[PDB]
Amino acid sequence: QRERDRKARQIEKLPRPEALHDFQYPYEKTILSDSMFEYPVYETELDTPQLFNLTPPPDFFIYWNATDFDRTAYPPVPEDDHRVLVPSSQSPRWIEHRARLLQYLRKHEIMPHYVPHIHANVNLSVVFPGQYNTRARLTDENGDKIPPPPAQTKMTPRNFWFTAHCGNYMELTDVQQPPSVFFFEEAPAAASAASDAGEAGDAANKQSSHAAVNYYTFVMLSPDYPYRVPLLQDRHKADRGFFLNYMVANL
Amino acid sequence: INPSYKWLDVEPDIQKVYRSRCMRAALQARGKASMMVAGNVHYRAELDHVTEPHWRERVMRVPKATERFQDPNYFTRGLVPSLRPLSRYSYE
Amino acid sequence: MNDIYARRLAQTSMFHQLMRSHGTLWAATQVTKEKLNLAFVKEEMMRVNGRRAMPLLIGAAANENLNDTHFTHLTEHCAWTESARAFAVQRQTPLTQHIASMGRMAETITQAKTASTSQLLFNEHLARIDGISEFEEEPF
Amino acid sequence: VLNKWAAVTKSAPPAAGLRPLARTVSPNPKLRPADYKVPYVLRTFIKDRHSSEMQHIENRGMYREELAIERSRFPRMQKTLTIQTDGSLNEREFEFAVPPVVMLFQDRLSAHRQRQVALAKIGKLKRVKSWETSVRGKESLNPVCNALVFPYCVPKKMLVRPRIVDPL
Amino acid sequence: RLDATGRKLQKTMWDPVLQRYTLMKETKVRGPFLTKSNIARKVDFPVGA
Amino acid sequence: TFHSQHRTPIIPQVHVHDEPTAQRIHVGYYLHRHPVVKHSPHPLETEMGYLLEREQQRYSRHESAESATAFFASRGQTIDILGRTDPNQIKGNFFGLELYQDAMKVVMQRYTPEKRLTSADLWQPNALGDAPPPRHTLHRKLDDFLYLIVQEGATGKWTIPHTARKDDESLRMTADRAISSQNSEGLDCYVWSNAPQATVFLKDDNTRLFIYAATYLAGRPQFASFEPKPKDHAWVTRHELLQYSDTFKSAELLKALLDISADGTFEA
Amino acid sequence: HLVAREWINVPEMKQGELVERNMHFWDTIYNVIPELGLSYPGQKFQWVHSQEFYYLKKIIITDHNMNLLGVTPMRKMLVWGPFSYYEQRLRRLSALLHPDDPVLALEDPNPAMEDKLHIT
Amino acid sequence: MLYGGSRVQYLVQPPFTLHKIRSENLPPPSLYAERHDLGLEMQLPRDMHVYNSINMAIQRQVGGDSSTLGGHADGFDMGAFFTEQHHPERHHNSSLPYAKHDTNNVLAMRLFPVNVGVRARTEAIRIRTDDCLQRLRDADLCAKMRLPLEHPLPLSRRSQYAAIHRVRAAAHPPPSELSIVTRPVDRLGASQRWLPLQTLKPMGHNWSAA
Amino acid sequence: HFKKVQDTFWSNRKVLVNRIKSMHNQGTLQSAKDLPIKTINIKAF
Amino acid sequence: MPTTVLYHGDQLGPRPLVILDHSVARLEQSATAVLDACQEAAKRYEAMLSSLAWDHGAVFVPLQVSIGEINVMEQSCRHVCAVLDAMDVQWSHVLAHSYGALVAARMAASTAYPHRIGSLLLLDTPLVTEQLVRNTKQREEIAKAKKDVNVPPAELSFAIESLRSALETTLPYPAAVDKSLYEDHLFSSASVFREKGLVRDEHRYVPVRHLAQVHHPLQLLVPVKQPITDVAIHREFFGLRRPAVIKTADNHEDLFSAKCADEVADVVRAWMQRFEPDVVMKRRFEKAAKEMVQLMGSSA
Amino acid sequence: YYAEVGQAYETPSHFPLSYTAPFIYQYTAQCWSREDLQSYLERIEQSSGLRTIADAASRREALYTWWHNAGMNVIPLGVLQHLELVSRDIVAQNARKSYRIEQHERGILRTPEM
Amino acid sequence: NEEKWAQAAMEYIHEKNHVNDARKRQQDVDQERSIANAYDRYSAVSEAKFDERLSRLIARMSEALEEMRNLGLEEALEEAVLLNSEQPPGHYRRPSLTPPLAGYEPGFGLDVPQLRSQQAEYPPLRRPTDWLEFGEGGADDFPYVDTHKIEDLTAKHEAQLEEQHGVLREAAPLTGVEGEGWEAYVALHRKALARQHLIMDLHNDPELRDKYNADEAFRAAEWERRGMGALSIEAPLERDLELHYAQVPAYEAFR
C-alpha cells in the first residue's frame with residue numbers, strides 16, 4: 001500500500017517514451033485551410049473597395065510592366081446591374097439593393113448625419129460621359145483636342161463604373177463633362193392597386209409628372225469642398241454648406 | 001462561477017459612467033431608482049439567473065473530445081470559421 | 001494500372017457481395033422503415049470496404065475493432081488483393097504493420113527484426129492475398 | 001526600453017517582419033501545456049529548413065494544381081510477376097527489393113486442393129447436402145437474434161440451429 | 001550547459017552596428033574583441049570590372 | 001478480399017416445419033462463370049498507368065531511396081533474413097534457399113504464359129448471320145462472364161434450369177438440389193444468397209419463378225439429365241443475351257435476367 | 001524587393017564579334033533560390049520565402065506582355081486610383097525624408113578602393 | 001472510397017468555395033487608421049505630460065492596441081503568456097524589435113550611414129530632422145501666405161512681416177509663380193555660394209557610458 | 001536539437017522496459033493499463 | 001445502321017480494327033450504289049491491310065451525311081457505336097483518313113462514348129490548323145476582353161481586326177468527296193461563327209478546348225515529302241510524341257501504294273501491338289525472363 | 001442611457017407606448033419639448049401596428065420599416081432608437097422584477113437593497 | 001545492435017509532407033490534369049452504367065422478398081433473409097493477367113517443402129463478437145445471442161468508438177480526401193451502430209413501434225435525434241470551367 005503506491009508513483013516517475021505518428025497536433029503541427037489564405041473577394045464592388053482597402057499581392061512573382069500604367073484598373077462589371085432595376089416595392093433584387101445602398105451610406109458617414117432622412121425611393125443612376133481616360137490630354141496621334149464625349153444616351157456595362165453609385169471612385173478626367181441622369185421611379189400608381197380609378201390618372205394631365213412628387217430635381221453638392229475632413233472633426237465644430245456642383249430642375 | 005477569481009476592467013469612457021452615476025445617484029436620492037441593477041453587489045448572484053437560467057450547466061457540461069476538435073475537414077471545407085482546439089474552458 | 005484492375009474487379013464483386021447482403025439489409029430496413037435503395041446500400045458498401053488505416057503508432061489506431069465483424073468479412077469485396085496501394089490504405093503496408101507494433105511496443109525489437117524480414121513479409125503477405133492463413137480458433 | 005532622452009541611445013532595432021519569433025513550447029516543464037508530450041517522432045533529419053518547417057503544417061486539404069493522389073503514404077511499390085501454382089500469372093507489387101518473377105507455392109487452390117484430399121482422409125470430401133439434411137435440429141425462442149449481422153442485426157422470435165462442423 | 005555541443009556555439013543575432021542579422025560565434029567574455037586575428041584576408045568580389 | 005472463413009460459423013438452412021400450402025412455385029438457378037482473366041485494359045487506361053505509376057513514384061514516401069532495402073542499406077541495417085545489403089544480389093537469390101534457384105532456372109527457360117484470346121473468340125461471319133450460333137465452349141471468353149441459357153426440347157425457347165418447390169424445403173435448399181439432382185451431384189455450384197435474386201409471375205402456368213445466381217466451379221453440366229428436357233445449352237455473356245431475345249421464352253424474363261446478370265465490363 | 005526580368009539582352013562575343021544572346025534570367029533566379037521549385041500548398045503565405053535570403057519578399061517581374069487580359073490581382077500590384085481616403089500618405093512620408101539621403105546606388109566600374117563597391 | 005482506397009476517379013481536386021466579404025459591413029474610412037497603418041519612425045510618446053502615456057512594464061504587449069477592446073474573458077493560461085512573453089529567445093539580446101517606443105528617428109536610423117559612430121549619429125539624425133522641420137514649417141508658412149515656396153526663409157521674411165497672423169485655409173500660388181528654383185538667393189537673381197547642411201565624420205565616440 | 005532527442009528515446013526506452021521488467025519482477029502485478037504507454041503487453045517481453 | 005461492311009480477314013476476333021473513311025454517301029439512295037462507293041475506298045485499304053496480317057480481323061464502316069443540321073456528327077457516332085454493338089466489341093483500334101477521323105475525335109472527345117474508341121491513328125487528316133488554334137485561343141481572351149472594361153479599346157479593336165483579317169480556313173480536306181461537307185456543314189463559314197471572327201459555334205464538330213482533352217493514344221501517319229497536316233502544330237496539342245513518318249511515301253494517296261503498304265502497316269502493327277494485352281504481356285514476361293537471367297549470370 | 005443607470009421603470013410591459021415618454025424625455029430634453037414627444041409617441045401608436053412596450057421590444061424590425069416608409073418626415077429616428085432602448089429595458093426589468101417576486105415565494109427573501 | 005535496427009526501421013514509418021516536384025512545369029502538370037479529367041470523363045459512363053444496374057439488381061431482390069411474403073411463405077422469409085455465411089470456397093478463383101496453364105504444377109514439379117509452409121499473418125483479427133463466444137459466459141448458441149447481449153454490445157462500441165474517435169481526432173488528424181474519407185467511414189459506423197441502438201429501442205419498447213410507423217416526418221425527426229442522416233456524396237463538377245482568380249493554388253505557381 002505504501003510502497004506499491006510508491007511504485008505506482010514510481011510508474012509516474014518512469015519515463016514515457018512514446019513514438020508519435022507526427023508532431024503533436026495543437027502545439028507543433030498546424031492545420032492550414034482555404035479560409036486562412038484567400039484573397040479578399042468582395043461580394044459586390046460598388047464602393048470600389050479594392051482601390052481603398054489595399055491588400056498586398058500575395059504571390060512572390062509580381063508582374064508589373066510599364067504599360068500597366070495606362071490601364072484604368074476599375075473593378076469588373078457585376079451582372080444584374082442596379083442601374084437598370086426599377087424601384088418597385090416587391091422586386092426581390094430591389095429590396096436587396098435598397099438596403100445595400102443604405103448599408104453603404106451609413107458606412108460613409110452620409111446617411112445619419114449629412115442626409116438625415118433618406119427616403120430611398122427611386123433608382124438613381126447618374127451616368128457620366130466616360131472614356132476610361134488616364135488623364136486629361138489631347139488626342140495623341142491626331143494632334144487634336146479630344147472631342148467632349150456626348151451626353152450619355154443609354155446605360156451599359158461600359159457606362160457602369162462611371163455612374164453615381166454607393167461611394168465608388170471615378171477619375172476626375174471623366175467627370176469633367178456634365179453628367180447624364182438616368183433615374184427610374186415606380187412610386188406613382190393610379191391607386192393602391194391602380195384600380196377603381198375609372199380612368200382617373202388619365203384625368204391627371206401630367207402622367208409622367210402627374211403626382212406631386214414626379215417632377216424631380218437633381219442636386220449635386222460636394223461635402224468636402226477644400227479637402228476631405230473627418231466627420232468627427234467637421235460634424236461638430238463648423239457650420240458651412242456644401243459646394244453645389246450642379247442642379248437640374250423639372251426633370 | 002467562483003467569486004475568488006477577479007478581473008480588472010478598465011472601460012475607457014469616463015463620461016459614460018460619470019454621467020450615469022450622477023443620475024443613478026440622483027435618481028436613488030428621489031427614491032426612483034431600482035435596486036436590481038446589474039452593478040448592485042449583492043444582486044449579481046440572482047441577476048445572471050434571471051437571464052441565463054441554466055448557466056451552471058453551460059460551464060459544468062464536460063465536452064467529448066470529438067466536438068472539442070471539430071472535424072478538421074470542416075475547416076478546409078470552410079464550415080467552421082477557424083478551429084480553436086485549446087480554448088476549451090468557459091471563463092464566465 | 002493495378003488499381004484500374006482492382007476498381008474494375010470490385011464492381012463485379014460488389015455486385016455479388018451485395019446479392020448475399022441484400023437480405024440481411026432488407027430485414028433491417030423493414031423495422032427502421034428506411035428506404036433500401038442505391039442511396040442506402042452505397043452507404044453500407046463504403047463502411048465495410050473503405051477503411052482508412054490510421055498511422056498505426058497511436059495504439060488506438062492499431063485497435064480498429066469494427067471492420068472485422070462476421071459481417072464485414074462477407075460484404076467486403078476484393079479490393080485490397082489487386083494492388084498493394086489499395087492495401088496500404090485499408091491496412092498499412094506489410095512491413096509498416098510490423099515496425100509500428102515495435103514502435104508502440106506491442107512487440108519487442110527482437111520480435112520485429114527477425115519476424116519483419118523481406119522474406120517473411122513476402123510469404124506471409126501472399127497469405128492474406130490468398131486468404132490462406134493461420135487462425136486462433138480460441139482467441140485469447 | 002530606451003527613449004530619446006537617455007544618456008545613451010541605440011541604433012535601429014530590427015523590424016519584426018524578418019526573422020520572426022516562432023511560437024514554440026518553452027523548455028520549462030511548467031511553461032509547456034498539459035497535453036504536450038515529448039515529441040519522439042523518429043524521422044530522417046531533413047536539412048534545409050524550407051523542407052523542415054513544412055512538416056509542421058497539415059495541408060492535405062489545401063487546393064492543389066496537381067491531382068489529389070494519396071501521396072507520401074504508399075512507400076514505393078515494385079511490381080513483380082507471381083506465377084500462381086496453376087500457372088495463372090498475376091502481377092503484384094512490394095516495397096522492398098523483390099526480384100522479378102517469383103515462383104509461387106502454397107496458393108489458394110493448392111490449399112483448397114489440400115483441404116479436400118485431407119478431408120478425403122476422413123472421406124467427408126464429397127459434400128453435406130441441405131435437401132438431404134432432413135436433420136431438423138432446431139428450437140424457437142422469443143428474445144433471440146442473429147449475431148453475425150451485429151451491425152444490422154434484428155431481434156425477433158428466431159429459430160435456433162447449430163452451425164456446420166468441418167474437421168480440419 | 002552540459003557538453004551537448006562539442007562545436008563552439010553559434011547564433012544569429014541583430015548586429016546593432018551593422019543593423020543586420022549576422023552570425024554570433026561564441027567566445028570567452030574576457031578579451032579584446034577585434035584582434036589582428038579578426039582581420040579577413042582580402043578578396044576581389046564577383047562585382048566590378 | 002474473399003477471406004477464408006476465419007471463425008465465422010455457417011448457419012445452415014432448415015426444412016420448414018409448418019406446411020404453408022405450397023403453391024405453384026419453381027426455382028431456377030442462373031449459373032455463370034467467374035472471369036478467368038482481368039478486364040482488357042482500355043488504351044486510355046494504360047495511358048492512365050503511366051500517370052499514376054509516375055506520380056505514385058515521384059511522390060514516394062522515401063523519394064530517392066530505391067526500395068526498403070535500398071533505404072535500409074543506407075544505414076547498414078538489413079531487413080532480409082540472411083543480412084544482405086546490396087539489393088542487386090537480394091534479387092538474384094531472394095530466398096536463402098538454393099533449391100528455389102533450381103525451381104526458377106527451369107521455369108525461366110520452359111515457361112511461356114498462356115494466350116488470353118481463345119480461338120473460340122475468333123468469330124467468323126461466314127458461319128452465318130442466323131439465330132445465335134452454338135456456343136458450347138466454357139473456354140469462350142476469359143474476360144467476361146458466361147451465363148447459362150438453356151432451351152427445352154419442348155418448345156425450343158430458352159430457359160434457366162428450373163424445378164418446383166417441395167413442401168418443407170426453403171428456397172435455397174430447393175435451388176441447392178435444383179442443380180445437384182439435375183447433375184447427379186456432379187457440379188461444384190455456389191449459390192450466393194439464401195434468398196432469390198429475381199421473380200417472374202407467369203400467366204401461362206401461373207408459375208412463380210425464383211431465380212438464383214450460382215457460380216460454376218467444377219463439374220460437367222450433363223444437360224439431357226436436366227429437368228426441362230433441354231435441347232442444347234448456351235454459355236453466353238450478359239451482352240449477347242439480347243441475341244436470343246427472338247427465340248427467348250419470356251420478355252418478362254429476359255430483362256428480368258439481364259438485370260441481375262453481372263458483367264466484367266459495366267460498359268453497357 | 002528584386003525587380004528583374006525573365007529575358008535579359010546580355011552581349012557576348014561570338015567568333016570574336018559581338019552578338020546578342022537573349023539570356024534566360026529565369027534560370028538565374030531559381031539557382032539562387034531553390035525554394036521556389038519546392039512548392040507546397042502553404043508557401044505563398046510562408047513568412048520567409050527563402051530562409052537563405054530572408055531579405056527577399058517579392059520579385060517584381062518586368063516583362064512586356066501582349067495578352068489583352070493582364071495578370072490577375074493575385075500577381076499584380078494596384079498602381080491606379082486614390083490609394084487612401086483622407087490624405088495621400090506619400091506627401092506625409094514625403095515630409096520626413098531629407099534632400100540628402102539616398103535614392104540611388106549605382107554600381108562602380110573601377111572602385112576607388114576595396115570599400116566603395118557602390119556609389120550612393 | 002467504396003473501392004478499397006484505390007483513388008482513381010475524380011483525382012482532380014474541385015477548387016474550394018470562395019468566402020466573400022461584404023464591403024458595406026466594413027468600418028468607415030478612419031483617418032487615425034490611415035496614419036498609423038504604414039509604420040514609421042514613431043508617434044509622440046502619447047504624452048507631453050507623462051500621464052496617460054504607457055507603462056514600460058507593458059510596452060512589449062502593444063502595437064495595434066490603441067483600439068479599445070482574448071478568445072475568452074481571460075485567464076492568460078500562463079502559456080503563450082510566459083511562453084511568448086519571455087521566449088527562450090528575446091533574452092540575452094540587446095535590441096528588441098521596434099515596439100512602440102519614441103526612440104531616435106528610426107525612419108532616419110535606417111537611411112543613415114552606419115559608418116558614423118552612435119553618439120555622432122543621434123546628433124546627426126537630429127540635424128537632418130532639424131532641417132526637415134524647417135522645410136516643413138516654410139512650406140506651411142509660404143503656402144498659407146499664398147507665396148511660392150522659399151527654403152532658407154530670411155528671418156526678415158520668416159515671421160512673415162510680424163507672422164502676418166495667417167491673414168486670420170491655405171492656397172497654392174498660381175502656376176505663374178511656380179518654378180523649380182527655391183533658394184531666395186536663386187529666386188530673385190546674395191552670394192549663391194552653397195554648403196551642405198551638416199558635416200558627417202566617420203569618427204566614433206570615445207565615451208561609452210558603461 | 002534533433003540528434004539529442006532521437007537518441008534519448010532509445011535510452012529513455014531502455015530505461016522503461018528494463019525498469020518495468022524489474023517492477024514486474026518485484027511482484028507488482030502491472031497490467032497493460034496502469035503504466036504510462038498502454039500499448040505494451042509485458043507478456044511479449 | 002448499315003449492313004454493308006468489308007470485313008477483311010476471315011475472322012473478326014474480339015476487338016478488331018474498325019477502319020473509317022470519308023462520309024461515303026447519303027443512304028437517301030439505296031444501299032447498293034453506296035456499297036460500290038465504299039467498295040472503292042477499300043481498294044485503298046484492301047492493299048494496306050493485307051500486309052498487316054491482323055489476328056483480330058479488320059472492319060470497315062460506312063458513314064452517311066445528315067438530312068439536317070446537327071445530325072452530321074451525333075448520328076455517325078451512334079451509327080458507329082452501334083456497329084460495335086452488332087459485333088460484340090468495345091475498345092476497337094480505329095484508322096482514319098477523312099471525315100472518318102473527326103468522328104473518332106468526336107467520340108474520343110465527348111462523354112457517353114469514350115470507351116468505344118481505344119486507339120486512333122490518323123493517316124493524313126489534320127484535326128486542327130495553326131490558323132484555327134492560334135485564333136481560338138484569342139477568341140477566348142477577346143471573349144473576356146470584350147467583357148471586362150479596364151481594357152483599352154485601342155488594343156481591343158486591334159485584337160479583333162487582327163482576328164478577322166487573319167481568320168480561320170476550313171480544315172484542309174484529305175479527299176475529294178466531303179469537300180462539300182468540310183465546306184457545307186462542319187465549317188460553313190457563314191454559320192459556324194456568328195459575330196464574325198469573335199464567337200465560333202464549335203459545338204457541331206467539337207470545341208477546340210476538347211481537342212485539348214483527347215488522351216486516347218493518338219498517332220499521326222505522315223508522308224515524308226510535302227504533306228498535308230503539318231507535324232509542328234499537332235505535336236503541341238496531342239502531347240510531345242513524334243508521329244512516325246512513312247519514309248517512302250511522297251504525299252497522301254501514296255501511303256496506299258505498294259511502296260509503303262508494308263511499312264504503313266509495319267508501323268501500324270507496332271501500334272496495335274502497344275495495346276493488345278497478349279502482345280504486351282509476352283514482351284512483359286519475356287522481359288522479366290531476360291531480366292532474371294541477368295541475376296543468374298551475376299551469381300558468380 | 002437606460003440600462004446602465006437602472007431606473008425603477010414601474011411600467012408593466014403591457015402599457016401603451018405613450019407611458020414610456022416620461023422616461024425617454026429625461027435624456028432628450030434640449031431636443032424635443034415634453035409635449036412634443038407625446039405627439040411622436042402617439043403617431044407611433046396610431047400609425048404603426050405597435051401599441052405596447054413589449055411590442056416595441058419584439059418588433060423593432062417591423063417598427064423601423066414602418067417609420068422608414070411612413071414616418072421619416074416628423075418622427076426623428078432619434079426617438080425610435082430611444083424608444084427601442086427603453087422598451088428593451090422596461091421589458092428587461094419586468095423580467096427581473098417578475099422573477100424577483102417569483103423567488104420571494106420560493107423562499108429567497110431578499111431585502112429592498114437585495 | 002537491435003535498437004540500431006529499430007532506429008533505422010522507425011525511420012521507414014515516417015510520412016513527411018514533402019514538396020511538389022521541382023521538375024514539374026505548368027506545361028505538363030496541366031497535361032496530367034488534362035489526363036485525369038479525360039479519365040473520369042471516360043470512367044463515368046462505366047460507373048453510371050454500374051450504379052444504374054444496382055438500381056435494377058436491388059429492384060429485383062426487394063420485389064422478390066416482398067413477393068415471398070404475399071405467397072404465404074412467411075417462415076421461408078425468416079430462413080431466406082438469413083445471412084448466407086458460407087464464404088466462397090477456396091475453389092473460388094480470382095482472375096489474373098493470363099489464364100491457367102494446361103496442366104501446370106508449381107515449378108513443373110520442382111517442389112520446395114519450405115516455401116509451401118503454413119505460416120502466419122500479422123493481424124490477430126480480434127473482432128467485436130469475440131467478446132461473446134470466445135469470452136466468458138460462453139454463449140452456447142453463439143450466432144443467436146440473446147438480444148440483451150446486443151443492447152449492451154452495441155452500447156459498448158458507442159462508448160468505445162466515441163473514445164477511439166476522440167483520440168484519433170487530436171492524436172492523428174488528417175484533412176483532405178483521406179480526411180473526409182475517414183470521417184465518412186467513422187460517421188457511417190456511429191450511424192450503423194445507431195440504427196442498431198434504434199431497432200432495439202424499437203424492439204423492447206412496445207409503445208413506440210406504432211407511432212414510429214405512424215407517419216414519415218416523425219421518423220425523419222426520430223432519425224434526426226438518433227444522429228442517423230443521409231450522406232451526400234459530393235457532386236463532380238468535372239465540367240471544363242474557368243476557376244475564379246482567387247481560387248488559384250495557395251503556393252507559388254509552376255514554371
# chains A, B, ... in the order shown; residues from 1 in each chain; ligands from 1

call {"tool": "interface_residues", "arguments": {"of": "chain G", "to": "chain J", "cutoff": "9 Å", "atoms": "only C-alpha atoms", "output": "PDB file with C-alpha atoms, in the first residue's frame"}}
result
ATOM      1  CA  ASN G  67      -2.089  39.434 -74.000  1.00  0.00           C
ATOM      2  CA  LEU G  68      -5.238  41.509 -73.574  1.00  0.00           C
ATOM      3  CA  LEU G  69      -6.255  40.253 -70.135  1.00  0.00           C
ATOM      4  CA  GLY G  70      -3.333  41.246 -67.945  1.00  0.00           C
TER       5      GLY G  70
END

call {"tool": "residues_around", "arguments": {"residues": "residue 79 (chain K)", "least_positions_apart": "4", "cutoff": "10 Å", "atoms": "only C-alpha atoms", "output": "compact mmCIF listing (two decimals) with C-alpha atoms, in the first residue's frame"}}
result
# COMPACT_ATOMS: atom_id res chain seq x y z
CA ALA K 21 -42.48 59.09 -22.66
CA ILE K 24 -37.33 58.89 -22.76
CA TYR K 25 -37.64 62.62 -22.19
CA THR K 28 -33.74 64.07 -24.69
CA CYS K 31 -34.07 68.19 -28.27
CA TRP K 32 -37.89 67.99 -28.07
CA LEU K 37 -42.78 63.62 -27.60
CA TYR K 40 -44.34 61.43 -31.65
CA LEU K 41 -45.09 58.68 -29.13
CA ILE K 75 -40.76 61.47 -36.01
CA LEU K 83 -37.90 54.23 -27.86
CA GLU K 84 -36.11 50.98 -28.61
CA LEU K 85 -33.62 51.50 -25.79

call {"tool": "interface_residues", "arguments": {"of": "chain I", "to": "chain D", "cutoff": "8 Å", "atoms": "only C-alpha atoms", "output": "number ranges by chain"}}
result
I: 2, 5-6, 9

call {"tool": "interface_residues", "arguments": {"of": "chain I", "to": "chain L", "cutoff": "10 Å", "atoms": "only C-alpha atoms", "output": "number ranges by chain"}}
result
I: 6-7, 9-11, 13-14

call {"tool": "residues_around", "arguments": {"residues": "region 163-174 of chain F", "least_positions_apart": "6", "cutoff": "8 Å", "atoms": "only C-alpha atoms", "output": "PyMOL selection string"}}
result
(chain D and resi 130-131) or (chain F and resi 13-22+24-28+191+193-196+210+227) or (chain L and resi 76+79-80)

call {"tool": "write_last_selection", "arguments": {"atoms": "N, CA, C and O atoms", "output": "mmCIF file, in the first residue's frame"}}
result
data_model
loop_
_atom_site.group_PDB
_atom_site.id
_atom_site.type_symbol
_atom_site.label_atom_id
_atom_site.label_comp_id
_atom_site.auth_asym_id
_atom_site.auth_seq_id
_atom_site.Cartn_x
_atom_site.Cartn_y
_atom_site.Cartn_z
ATOM 1 N N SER D 130 -28.205 -30.072 -48.203
ATOM 2 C CA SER D 130 -29.268 -29.430 -47.435
ATOM 3 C C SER D 130 -30.588 -30.174 -47.574
ATOM 4 O O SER D 130 -31.185 -30.582 -46.573
ATOM 5 N N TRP D 131 -31.076 -30.339 -48.804
ATOM 6 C CA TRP D 131 -32.320 -31.073 -49.009
ATOM 7 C C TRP D 131 -32.224 -32.470 -48.423
ATOM 8 O O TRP D 131 -33.192 -32.982 -47.851
ATOM 9 N N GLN F 13 -29.444 -23.738 -43.691
ATOM 10 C CA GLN F 13 -30.878 -23.586 -43.837
ATOM 11 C C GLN F 13 -31.540 -24.890 -43.431
ATOM 12 O O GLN F 13 -30.898 -25.941 -43.383
ATOM 13 N N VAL F 14 -32.824 -24.821 -43.114
ATOM 14 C CA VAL F 14 -33.509 -25.926 -42.467
ATOM 15 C C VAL F 14 -34.850 -26.159 -43.144
ATOM 16 O O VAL F 14 -35.505 -25.206 -43.577
ATOM 17 N N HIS F 15 -35.247 -27.431 -43.245
ATOM 18 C CA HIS F 15 -36.611 -27.798 -43.606
ATOM 19 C C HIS F 15 -37.603 -27.036 -42.742
ATOM 20 O O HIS F 15 -37.499 -27.061 -41.514
ATOM 21 N N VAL F 16 -38.565 -26.353 -43.359
ATOM 22 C CA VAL F 16 -39.584 -25.687 -42.561
ATOM 23 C C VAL F 16 -40.447 -26.731 -41.859
ATOM 24 O O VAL F 16 -40.430 -27.923 -42.184
ATOM 25 N N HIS F 17 -41.205 -26.272 -40.869
ATOM 26 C CA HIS F 17 -41.976 -27.169 -40.024
ATOM 27 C C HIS F 17 -43.475 -26.901 -40.011
ATOM 28 O O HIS F 17 -44.207 -27.631 -39.333
ATOM 29 N N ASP F 18 -43.955 -25.890 -40.726
ATOM 30 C CA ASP F 18 -45.383 -25.579 -40.770
ATOM 31 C C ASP F 18 -45.800 -25.463 -42.229
ATOM 32 O O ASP F 18 -45.526 -24.456 -42.882
ATOM 33 N N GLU F 19 -46.473 -26.495 -42.731
ATOM 34 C CA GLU F 19 -46.813 -26.593 -44.147
ATOM 35 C C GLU F 19 -47.682 -25.410 -44.561
ATOM 36 O O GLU F 19 -48.859 -25.346 -44.176
ATOM 37 N N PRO F 20 -47.152 -24.462 -45.316
ATOM 38 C CA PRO F 20 -47.911 -23.252 -45.634
ATOM 39 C C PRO F 20 -48.747 -23.400 -46.894
ATOM 40 O O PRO F 20 -49.124 -22.396 -47.505
ATOM 41 N N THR F 21 -49.018 -24.641 -47.306
ATOM 42 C CA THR F 21 -49.748 -24.952 -48.538
ATOM 43 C C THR F 21 -49.027 -24.371 -49.754
ATOM 44 O O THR F 21 -49.526 -23.481 -50.446
ATOM 45 N N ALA F 22 -47.824 -24.894 -49.973
ATOM 46 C CA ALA F 22 -47.003 -24.526 -51.115
ATOM 47 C C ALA F 22 -47.827 -24.506 -52.390
ATOM 48 O O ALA F 22 -48.632 -25.407 -52.640
ATOM 49 N N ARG F 24 -47.979 -22.951 -56.756
ATOM 50 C CA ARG F 24 -47.228 -23.039 -57.997
ATOM 51 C C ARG F 24 -45.962 -22.195 -57.887
ATOM 52 O O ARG F 24 -46.002 -20.966 -57.962
ATOM 53 N N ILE F 25 -44.830 -22.859 -57.651
ATOM 54 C CA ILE F 25 -43.548 -22.189 -57.450
ATOM 55 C C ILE F 25 -42.444 -23.047 -58.048
ATOM 56 O O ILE F 25 -42.295 -24.219 -57.686
ATOM 57 N N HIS F 26 -41.665 -22.465 -58.946
ATOM 58 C CA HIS F 26 -40.449 -23.081 -59.442
ATOM 59 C C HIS F 26 -39.242 -22.328 -58.904
ATOM 60 O O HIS F 26 -39.355 -21.208 -58.404
ATOM 61 N N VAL F 27 -38.082 -22.964 -58.993
ATOM 62 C CA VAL F 27 -36.838 -22.380 -58.518
ATOM 63 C C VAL F 27 -35.760 -22.676 -59.542
ATOM 64 O O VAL F 27 -35.369 -23.836 -59.715
ATOM 65 N N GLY F 28 -35.271 -21.637 -60.207
ATOM 66 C CA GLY F 28 -34.228 -21.782 -61.199
ATOM 67 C C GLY F 28 -32.946 -21.159 -60.693
ATOM 68 O O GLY F 28 -32.962 -20.315 -59.801
ATOM 69 N N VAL F 191 -24.333 -21.005 -54.646
ATOM 70 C CA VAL F 191 -25.440 -20.062 -54.607
ATOM 71 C C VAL F 191 -25.086 -18.948 -53.630
ATOM 72 O O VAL F 191 -24.817 -19.203 -52.452
ATOM 73 N N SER F 193 -26.773 -16.068 -52.409
ATOM 74 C CA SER F 193 -27.717 -15.671 -51.381
ATOM 75 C C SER F 193 -28.387 -16.872 -50.745
ATOM 76 O O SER F 193 -28.268 -18.009 -51.201
ATOM 77 N N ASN F 194 -29.110 -16.594 -49.669
ATOM 78 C CA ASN F 194 -30.052 -17.542 -49.105
ATOM 79 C C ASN F 194 -31.483 -17.233 -49.513
ATOM 80 O O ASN F 194 -32.401 -17.955 -49.109
ATOM 81 N N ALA F 195 -31.685 -16.189 -50.296
ATOM 82 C CA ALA F 195 -32.964 -15.778 -50.838
ATOM 83 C C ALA F 195 -32.847 -15.590 -52.343
ATOM 84 O O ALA F 195 -31.738 -15.474 -52.873
ATOM 85 N N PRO F 196 -33.962 -15.564 -53.071
ATOM 86 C CA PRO F 196 -33.889 -15.454 -54.531
ATOM 87 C C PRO F 196 -33.174 -14.190 -54.973
ATOM 88 O O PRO F 196 -32.890 -13.284 -54.190
ATOM 89 N N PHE F 210 -38.273 -18.298 -59.024
ATOM 90 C CA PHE F 210 -37.303 -17.625 -58.169
ATOM 91 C C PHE F 210 -35.920 -17.887 -58.742
ATOM 92 O O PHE F 210 -35.354 -18.966 -58.562
ATOM 93 N N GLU F 227 -33.929 -31.059 -65.858
ATOM 94 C CA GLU F 227 -35.371 -31.215 -65.769
ATOM 95 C C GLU F 227 -36.050 -30.773 -67.062
ATOM 96 O O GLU F 227 -36.735 -31.590 -67.689
ATOM 97 N N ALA L 76 -40.546 -19.027 -44.568
ATOM 98 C CA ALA L 76 -39.487 -19.166 -45.559
ATOM 99 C C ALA L 76 -38.661 -17.893 -45.650
ATOM 100 O O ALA L 76 -37.440 -17.947 -45.840
ATOM 101 N N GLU L 79 -36.047 -17.665 -42.956
ATOM 102 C CA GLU L 79 -34.897 -18.519 -43.202
ATOM 103 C C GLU L 79 -34.193 -18.190 -44.506
ATOM 104 O O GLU L 79 -33.091 -18.695 -44.737
ATOM 105 N N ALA L 80 -34.800 -17.374 -45.363
ATOM 106 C CA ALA L 80 -34.146 -16.917 -46.579
ATOM 107 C C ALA L 80 -33.504 -15.552 -46.428
ATOM 108 O O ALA L 80 -32.492 -15.283 -47.078
#
